[PDB]
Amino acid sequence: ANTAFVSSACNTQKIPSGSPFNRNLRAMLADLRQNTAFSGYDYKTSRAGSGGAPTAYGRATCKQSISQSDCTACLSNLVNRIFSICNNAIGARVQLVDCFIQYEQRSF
């Protein structure tokens, strides 16, 4: 399962420390993490915010040629890196070798 970095794009705008966004955001990334291998190696989902925070939309794809476990693995690898890559942003795309994730505060 190849998890080497390929490309990234980051919002100039960051999630405020403590922002309620953090929760539905993370909660959504796990839906991506757990379900893409089985929803066809490219999968989108969302999470409505509470307490004034926006809704969160994201998409995730795996290298078709990789396995379901290796698809689920890369995304986990990516989820714990996408915040660092983009310094806690209100939206982002990250491309690694075997898998892709994007998240934003609107629909895309």
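In this text, residue numbers run from 1 along the sequence as written.
Visitor: Of 34 to 42 and 50 to 58, which one has the bigger average CA B-factor?
Guide: Per the PDB record, 50 to 58.
Visitor: Classify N77 as lowest, middle or highest third according to the C-alpha B-factor given in the PDB entry, relative to its own chain.
Guide: CA B-factor rank for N77: middle third.
Visitor: Is the Cα B-factor recorded for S84 in the lowest, middle or highest third of its chain?
Guide: Its C-alpha B-factor, which the entry lists for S84, ranks in the middle third among residues of this chain.
Visitor: By the record's CA B-factor, is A92 among the lowest, middle or highest third of residues in the chain?
Guide: Lowest third.
Visitor: With respect to C-alpha B-factor, does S107 fall in the lowest, middle or highest third of the chain as deposited?
Guide: CA B-factor rank for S107: highest third.
Visitor: Using only modelled residues of the chain, where does the Cα B factor of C99 rank: lowest third, middle third or highest third?
Guide: As the PDB entry reports it, the C-alpha B-factor of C99 lands in the lowest third of its chain.
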